[PDB]
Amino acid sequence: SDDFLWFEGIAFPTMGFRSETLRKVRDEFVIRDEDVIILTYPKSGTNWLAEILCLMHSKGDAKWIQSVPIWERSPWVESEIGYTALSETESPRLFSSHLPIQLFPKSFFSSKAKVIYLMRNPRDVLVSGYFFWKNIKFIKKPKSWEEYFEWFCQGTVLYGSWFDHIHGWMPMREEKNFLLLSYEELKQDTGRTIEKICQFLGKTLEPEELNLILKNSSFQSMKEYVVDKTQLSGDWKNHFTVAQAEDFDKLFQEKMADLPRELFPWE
């Protein structure tokens, strides 16, 4: 009764996943140079980014996108339902993945498949994870906020350390098939970000298609198994005590020292 799937030093949700699949993801899954993958540490804005991409493909028409659910528009390759769908989908394929770099498909590293990595202020990530995860059945829950705070800081949470996750993927930030984005810039100005994604993917849009896309992909438009139905707010400053914040800056400072500080927009 540990309440999670432990695999290669990383904890995964009990339901929906299996070791044998995780093993195949890294050893067998074949990636195509035409595939596009959304890479994120859980709760960093994957859905929003999935929306933008789906809208870009549908030229703004929020038709299909409306009916089709998240895990179907950009399924998670590491999940059962995910691995299966991707295994029988015809390129071009759009899929998501929270996997740290050392467990990602081997085939990827010799391909031209394009990857978009989205990162977010870890403070917001920790809060969203707290409220999201503590509201999901069968997965180990924290006895309290203070406790979850400690797990996140020590890496003992689903998908592992946020710090490790960023360190492992950052070394590719300059590859031509790797686009690095921040949730912060995504929110500050979707237009600018959409333009980067178009440039990175080599897509072009008619002024009127962009118009529609910009409208269906604004933060407001985004505002759209489970314990309590309710929670399905504020900011990290409404949860972190001043002491937790001072302790987190310190930890962040120590942990990210070997990486350019200006790589991270937030304070």
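All residue numbers are counted from 1 along the displayed sequence.
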Continuity check for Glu224 and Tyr225, given as deposited residues lacking coordinates between them: 10 or more
Unmodelled deposited residues flanked by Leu232 on one side and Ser233 on the other: 4 to 9
Can you tell me which stretch has the higher mean Cα B-factor, 102-110 or 161-169? 102-110
Read off the CA B-factors in the entry, average them over 63-71 and over 235-243, and name the higher stretch. 63-71
Member of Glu88, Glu175, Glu78, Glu150 with the greatest C-alpha B factor (per the PDB record): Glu88
Per the deposited B-factor column, the C-alpha that peaks among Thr40, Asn47, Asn211, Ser218 belongs to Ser218
Using the B-factor values recorded in the entry, state whether the Cα atom of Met15 falls in the lowest, middle or highest third among the modelled residues of its chain. highest
Please place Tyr183 in the lowest, middle or highest third of its chain according to the CA B-factor in the PDB entry. lowest
CA B-factor placement of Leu118, once the chain's modelled residues are sorted into thirds: lowest
Ordered by C-alpha B-factor within the chain, which third holds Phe4? Give me lowest, middle or highest, please. highest
CA B-factor placement of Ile136, once the chain's modelled residues are sorted into thirds: middle
